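1. Show me the folded form of this:
(one chain, ligands or ions: 1)
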Amino acid sequence: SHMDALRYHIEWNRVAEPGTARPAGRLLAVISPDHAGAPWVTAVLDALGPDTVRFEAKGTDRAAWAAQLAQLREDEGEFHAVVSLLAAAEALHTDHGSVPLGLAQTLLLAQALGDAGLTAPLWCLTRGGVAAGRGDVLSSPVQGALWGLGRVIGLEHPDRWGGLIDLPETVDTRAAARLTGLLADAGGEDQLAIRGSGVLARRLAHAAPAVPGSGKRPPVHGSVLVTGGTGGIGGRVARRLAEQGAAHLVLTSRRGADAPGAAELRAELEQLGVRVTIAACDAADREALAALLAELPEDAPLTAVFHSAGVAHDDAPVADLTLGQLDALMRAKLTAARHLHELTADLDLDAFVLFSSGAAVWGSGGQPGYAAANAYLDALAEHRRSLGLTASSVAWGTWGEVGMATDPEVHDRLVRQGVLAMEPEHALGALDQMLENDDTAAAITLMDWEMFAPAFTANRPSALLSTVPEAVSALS
Ligand SMILES: NC(=O)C1=CN([C@@H]2O[C@H](COP(=O)(O)OP(=O)(O)OC[C@H]3O[C@@H](n4cnc5c(N)ncnc54)[C@H](OP(=O)(O)O)[C@@H]3O)[C@@H](O)[C@H]2O)C=CC1
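-> Numbers count the residues shown, from 1 in each chain. This is the structure:
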């Protein structure tokens, strides 16, 4: 129950139908002009009406947009809300190959709105960026990344953040009226999915307790690939896999066998009877991943991937983050997980496990780029399930003992927010509960809700935490 207590999941609950009147003040719609053709972008522009002012966000030029926005705000006076359709730009930015153009443009729009003093709440619309409601299909993991950024905008700029709304693929008049009614007043909700059945909103809940055996997890066997396998959590994952039956562990990281601690890790694993391969290669390098897969023993086919590669450093507040910082944070997450997905789809793996973060699940100030990068992982795991493929996303809280949060700097701030350091064995024992259940998505975190809830909600309420009774109690 100690391990059950670490597991949470995202659910979607029905909320009230909104009012029937459109907003009284003027809306400002923001369009990516090369990527304004999708049906849902037309349906949304039509629902906003012809009195809505339209801003075409061209390229990625913060100072140019700040100037253009300042002119609009001068001419129009205050807007009621800003409605961004930038998410429809899913093509990669030409200069930053791991950043979807719409993600870069949404960052620069949040930045330029603050620069210009346009204060109306920003709403970021997606289509297929969340899996909400029974049978729902997350069709665009790229747009799913924009939710990780948006939750961090709502932490950093709470007064000028509206929220996120996912649209259905057909935006009929019932969907349009939910939309415009939420923009009038959203009832204090800010992470919303419009579906045929109603409006759903995002919630964090404790996961159901483990059912010993219920997931038909197959025995660990053959070759298992742990990207980031020489790093802190990846090394501990590899040890556990060795103890459990893996014939062969393939560990990767940019430094490979030159990684800190690598020789000792190899010796620890080989003592347990496992074949060990340690390779040096960037998880975003598709050709190197293909070569690595082509090399596998005939008698030890790839049976599972654990994607632990990642960096969190050189992030910045939303107001300051650059596209080159965002690219570097996205590389081992979006680019590398897309390669892993595409080169293993046909292999019938037993597990495809992606390591996300609480930064992506609930949001962490100061970590927009890392939140977006991890949110892509969570969305890709739901998207793969829709294709009939296994996938799981595990959004860790804080690890103790090994890995990126052992820096007293990085450790001190997390623990002080109530995201407490987990013992490796407990974190791994909870991941094994998730994998035995074959759950698609979970956060695995030790929380002190009496510290977390009041800090997280100091400037704006969080409907997300209303389904965690300890958070409700802390706020009473
Ligand atoms: N520790 C924690 O509390 C949390 C961790 N996470 C996630 O867990 C995973 C592991 O974190 P952790 O073990 O703590 O961190 P570490 O820094 O210990 O390990 C991360 C590893 O990824 C490798 N790596 C980084 N970039 C690339 C890349 N482009 N290609 C291949 N390898 C790369 C690093 O090696 P190299 O530099 O040699 O490439 C290293 O092996 C990360 O994805 C992280 O985001 C999430 C929440 C909390």
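
2. correct me, but residue 168 touches residue 195?
-> Yes: the pair residue 168 / residue 195 is scored as a contact, 5.6 Å apart, by C-beta atoms under 8 Å. Placement of C-beta: from N, CA and C, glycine included.

3. Closest residue of the stretch 51-200 of the chain to the ligand?
-> residue 98 (9.9 Å; C-beta to the nearest ligand atom).

4. Find the nearest non-adjacent residue to that residue, please.
-> Nearest residue to residue 98, sequence neighbours excluded (C-beta to C-beta, 6 or more residues apart in numbering): residue 330, at 3.9 Å.

5. What strand or helix carries the one you found?
-> In the assignment (DSSP states H and E), residue 330 maps to helix 323-330.

6. what packs against that helix?
-> Judged by 3 or more C-beta pairs under 8 Å, 6 or more residues apart in numbering; DSSP states H and E, the packing partners of helix 323-330 are helix 101-116, helix 368-386.

7. what comes up buried for stretch 450-464?
-> Using 16 or more other C-beta atoms under 10 Å as the test for burial, stretch 450-464 gives 451-453, 456-457, 462-464.

8. Considering these, which is situated nearest to residue 253?
-> residue 452 (31.7 Å; C-beta to C-beta).

9. could you check the distance from that closest one over to residue 471?
-> Per C-beta to C-beta, to the nearest Å, residue 452 is found 7 Å from residue 471.

10. Can you check what angle separates the helix holding residue 330 from helix 101-116?
-> 140 degrees (axes from the mean of the first three to the mean of the last three C-alpha atoms, to 10 degrees).

11. does helix 323-330 come close to the ligand?
-> No: using C-beta under 6 Å from any ligand atom, helix 323-330 stays clear of the ligand, with a minimum separation of 9.0 Å.

12. what comes into contact with that helix?
-> 60, 93, 95-99, 103-104, 107-108, 311-312, 314-316, 369-370, 372-373, 376 (C-beta atoms under 8 Å, 6 or more residues apart in numbering).

13. Could you turn the buried ones of those into a PyMOL selection?
-> Burial among the contacts of helix 323-330 is assessed by 16+ other C-beta under 10 Å; the matching PyMOL selection reads:
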select buried, resi 60+93+96+98+99+103+104+107+108+311+312+315+369+370+372+373+376
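
14. Spatially central residue for the protein, please.
-> What sits nearest the mean C-alpha location of the chain, by C-alpha atoms, centre = their mean, is residue 375, with 0.8 Å.

15. quick one: contacts for it?
-> 144-149, 356, 360.

16. Reformat those into CSV and put distance to the ligand and neighbour count next to each item.
-> Shown next, in CSV, are those (distance: C-beta to the nearest ligand atom, whole Å; neighbours: other C-beta atoms under 10 Å):
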residue, distance to the ligand, neighbour count
144, 17, 28
145, 14, 33
146, 19, 27
147, 17, 27
148, 12, 30
149, 16, 26
356, 7, 30
360, 9, 30
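
17. mind listing which of the residues you listed are in strands?
-> residue 356 (DSSP state E).

18. In helices, which of the contacts of residue 375 appear?
-> Among the contacts of residue 375, the members falling in helices (DSSP state H) are 144-149, 360.

19. what's the neighbour count on the residue of the stretch 101-250 of the chain found nearest the ligand?
-> Closest to the ligand within the stretch 101-250 of the chain is residue 231: 2.3 Å, counting by C-beta to the nearest ligand atom. Residues near residue 231, counting by other C-beta atoms under 10 Å, number 27.

20. Could you do residue 378 as well?
-> 31.

21. My read is that it contacts residue 360, right?
-> Yes: between residue 378 and residue 360 there is a contact under C-beta under 8 Å: 5.9 Å.

22. For the two, list the residues in contact with both.
-> residue 395.

23. Give me the nearest residue to the residue of the stretch 251-400 of the chain found nearest the ligand, chain neighbours excluded.
-> Residue of the stretch 251-400 of the chain nearest the ligand, by C-beta to the nearest ligand atom: residue 310 (2.4 Å). Using C-beta to C-beta, 6+ apart and skipping residues adjacent in sequence, the residue nearest residue 310 is residue 332, 5.2 Å away.

24. Report the contact partners of the one you found.
-> 227-228, 282-284, 309-311, 373.

25. just residue 371 next, same as before
-> Contacts were defined as C-beta under 8 Å, 6+ apart; by that measure residue 371 touches 148-149, 151-152, 357, 359-360, 363-364.

26. Grab the nearest non-local neighbour of it.
-> Per C-beta to C-beta, 6+ apart, closest to residue 371 is residue 148, 3.8 Å.

27. dump the residue contacts of that neighbour.
-> Applying C-beta under 8 Å, 6+ apart, we find residue 148 in contact with 359-360, 363, 368, 371-376.

28. hmm, 6 Å instead?
-> 360, 371-372, 374-375 (C-beta atoms under 6 Å, 6 or more residues apart in numbering).

29. Also residue 250?
-> 223, 225, 277.

30. For it, which three-state class applies?
-> strand (DSSP: H, G, I helix; E, B strand; the rest coil).

31. Also residue 204?
-> Looking at residue 204 with three-state DSSP, the answer is strand.

32. count of neighbours near it?
-> Neighbours around residue 204, by other C-beta under 10 Å: 21.

33. Check the contact between it and residue 464; I expect there is one.
-> Yes: here residue 204 reaches residue 464: they are 5.3 Å apart, a contact under C-beta atoms under 6 Å.

34. Only the buried residues of the helix or strand harbouring residue 45, if you could.
-> Under the criterion of DSSP H and E, residue 45 resides in helix 39-48. Across helix 39-48, burial judged by 16+ other C-beta under 10 Å covers 40-41, 43-45, 47-48.

35. same check, this time on stretch 233-250
-> Quick answer for stretch 233-250 (16+ other C-beta under 10 Å): 233-242, 246-250.

36. can you narrow these to ones near the ligand?
-> Near the ligand, by the rule C-beta under 6 Å from any ligand atom, you find 233-234 out of those.

37. Quick check: chain neighbours aside, which residue is closest to the closest residue to the ligand within the stretch 351-476 of the chain?
-> For the stretch 351-476 of the chain and the ligand, the shortest gap (C-beta to the nearest ligand atom) falls at residue 403, measuring 2.3 Å. Once flanking residues are discounted, residue 403 sits nearest to residue 232: 2.9 Å by C-beta to C-beta, 6+ apart.

38. Turn the contacts of residue 371 into CSV, columns for distance to residue 211.
-> Shown next, in CSV, are the contacts of residue 371 (distance: C-beta to C-beta, whole Å):
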residue, distance to residue 211
148, 30
149, 35
151, 31
152, 35
357, 26
359, 29
360, 27
363, 31
364, 31
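
39. Those: which two are farthest apart?
-> Among the contacts of residue 371, 149 and 357 lie farthest apart (C-beta to C-beta), at 13.3 Å.

40. What residues does the protein have near the ligand?
-> 227-228, 230-234, 252-255, 259, 282-284, 308-312, 331-332, 355, 357, 396, 398-399, 403-405.

41. Among these, the buried ones, what's the ChimeraX command?
-> This is the ChimeraX syntax for the buried subset of the residues of the chain next to the ligand, where burial follows 16+ other C-beta under 10 Å:
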select :227,228,230,231,232,233,234,252,253,254,259,282,283,284,308,309,310,311,312,331,332,355,357,396,398,399,403,404,405
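
42. quick one: which of the residues of the chain next to the ligand sit in strands?
-> Per DSSP E, those map to strands at 227, 252-253, 355, 357, 396, 398-399.
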